[PDB]
Amino acid sequence: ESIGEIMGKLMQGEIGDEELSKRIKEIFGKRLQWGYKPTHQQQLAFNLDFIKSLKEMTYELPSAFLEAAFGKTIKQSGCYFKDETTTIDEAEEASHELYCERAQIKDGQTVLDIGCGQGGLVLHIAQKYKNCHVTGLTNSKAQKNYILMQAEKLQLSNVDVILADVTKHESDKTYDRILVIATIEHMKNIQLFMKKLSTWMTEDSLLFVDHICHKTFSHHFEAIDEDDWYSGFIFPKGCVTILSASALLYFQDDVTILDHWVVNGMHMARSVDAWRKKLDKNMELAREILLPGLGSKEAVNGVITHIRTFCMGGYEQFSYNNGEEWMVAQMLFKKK
Ligand SMILES: C[S@@+](CC[C@H](N)C(=O)[O-])C[C@H]1O[C@@H](n2cnc3c(N)ncnc32)[C@H](O)[C@@H]1O
Ligand SMILES: COc1ccc(C[C@@H]2c3cc(O)c(OC)cc3CCN2C)cc1O
């Protein structure tokens, strides 16, 4: 009935799943009411106001726990599910192929994957295109280590990984292909981000961006009101922005759009659902893995509760109206 009340009950496994889902669904429904305007005139005013506001602006989970929660390549982004029996591992790969098709990857190209995570796309491209030089860029020591280790086991010679904050990283190097998957959501300054990317491109390069979106409006991932315990739980900072499907159309100072797609949010929902189910299946192993690094069974339960609530929440968000509210947007660009 209040902030701490719900949080207390949540950490103590006293909120059932059906209730938790229902609570979170309500929260997102209120986000919808906040975002939809009665006329397109007003909707544009709202969206443009947000776009204009944009132009003014240490602990790492064990990889072993990650393997117990995510799919094989530990994709930390929306996958693509062909069939109702598609496993998370298949969906991972489907998603990878889609990106390769849409980014127009060809054997022989230099490829840069900014915010490359545990490197599932770096690894996919490298294995499928033996003549591409694939660079991952990441700000995490542990991710760089995991990718390099996987490249070694897979007998891959065409992989390097830059350890850098992209917002600080400087280089003369250019690339045939730049891929940005689930990373723009974290970018403080998009206009300046897009500008940097353009400098790492030539007249021949293509830029492919994928981000979670709403079809109609943008929002920060944060509490609207006092009843929203979820937003602040999941993103304790709240430097996750959710751009509208079309927000990036407004950021063509330095790049030019060539194509634009969205993927229905049921794919994302099935992604988080799989992560959740798999986490549940491996609940005990997960606790054992985390206990060393956390040194407290309560600290572990804390870290697990949060990852699970994220999945449970993500499921309500992306499945809303059969995936026709929150979904994933994709764009292809060339340099000016
Ligand atoms: C949601 S994960 C996406 C991971 C991967 N691209 C995937 O599709 O599974 C976001 C990624 O961006 C990275 N990242 C966040 N801020 C960054 C920054 N300033 N510089 C470089 N990488 C950053 C994170 O460490 C992580 O690898
Ligand atoms: C601030 O750093 C970060 C904080 C949180 C995250 C969460 C991130 C993530 C974020 C999403 O919005 C999402 O769609 C529902 C799926 C996933 C997969 C799990 N993955 C780990 C990433 C970061 O890089």
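Laboratory data are not the source of any read-out in this text; all were calculated from the coordinates shown. Cβ sites come from the backbone with ideal geometry, for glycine too, and all protein chains shown count toward neighbours.
Determine whether residue 71 is within 23 Å of the chain's Cα centre (by Cα) and under 22 Å from residue 214 (Cα atoms).
The answer is no for residue 71.
Inspect all residues belonging to the stretch 140-147 and state whether any of them is over 22 Å from residue 201 (Cα atoms), within 9 Å of ligand 1 (Cβ to nearest atom) and not charged (D, E, K, R).
Yes, the stretch 140-147 contains at least one residue that is over 22 Å from residue 201 (Cα atoms), within 9 Å of ligand 1 (Cβ to nearest atom) and not charged (D, E, K, R).
What about residue 267, is it within 15 Å of ligand 2 (Cβ to nearest atom), under 16 Å from residue 213 (Cα atoms) and not small (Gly, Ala, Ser)?
When the stated conditions are applied, residue 267 passes them.
Out of all the residues in the stretch 295-336, which are of a type in the set (S, T, N, Q) and crowded, with 19+ Cβ neighbours inside 10 Å?
309, 317, 319, 330
For residues that are more than 14 Å from residue 11 (Cβ to Cβ) and within 16 Å of ligand 2 (Cβ to nearest atom), tally how many sit in the stretch 283-311.
4
Test residue 111 against the stated conditions and say whether it is more than 16 Å from ligand 2 (Cβ to nearest atom), more than 30 Å from residue 55 (Cα to Cα) and of a type outside the set (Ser, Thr, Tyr).
no
Hey, can you tell me all the residues within the stretch 172-193 that are surrounded by 14 or more Cβ atoms within 10 Å (Cβ to Cβ) and assigned to a loop (DSSP other than H, G, I, E, B)?
Within the stretch 172-193, 174, 182, 183, 187, 189 meet the criteria.
Can you find a residue in the stretch 10-29 that is in contact with a helix residue (DSSP H, G or I) (Cβ under 9 Å, 6 or more places away or on another chain), closer than 17 Å to residue 300 by Cα and among the small types (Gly, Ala, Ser)?
yes
Please give the number of the condition residue 19 fails out of (1) within 26 Å of residue 282 (Cβ to Cβ); (2) surrounded by 14 or more Cβ atoms within 10 Å (Cβ to Cβ).
So residue 19 meets the others, but not (2).
Can you confirm whether residue 84 is exposed (fewer than 15 other Cβ atoms within 10 Å of the Cβ) and under 16 Å from residue 328 (Cβ atoms)?
No, not satisfied.
For the stretch 198-210, state whether one or more residues are near ligand 1 (Cβ under 9 Å from one of its atoms) and under 30 Å from residue 37 (Cβ atoms).
Checked the stretch 198-210: at least one residue is near ligand 1 (Cβ under 9 Å from one of its atoms) and under 30 Å from residue 37 (Cβ atoms).
For residue 168, only one of the following conditions fails: (1) within 9 Å of ligand 1 (Cβ to nearest atom); (2) closer than 21 Å to residue 76 by Cβ. What is its number?
(2)
Let me confirm something: among 274, 299, 269, 245, which residue is in contact with a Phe, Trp or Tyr (Cβ under 6 Å, 6 or more places away or on another chain) and among the aliphatic types (A, V, I, L, M)?
269
Of the residues 217, 233, which is out of contact with any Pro (no Cβ under 7 Å at 6 or more places or on another chain), of a type in the set (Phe, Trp, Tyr) and outside any helix (DSSP H, G or I)?
None of the other options fit; the residue is 217.
Say whether the condition of being small (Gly, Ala, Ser) and surrounded by 22 or more Cβ atoms within 10 Å (Cβ to Cβ) is met by at least one residue in the stretch 286-294.
yes
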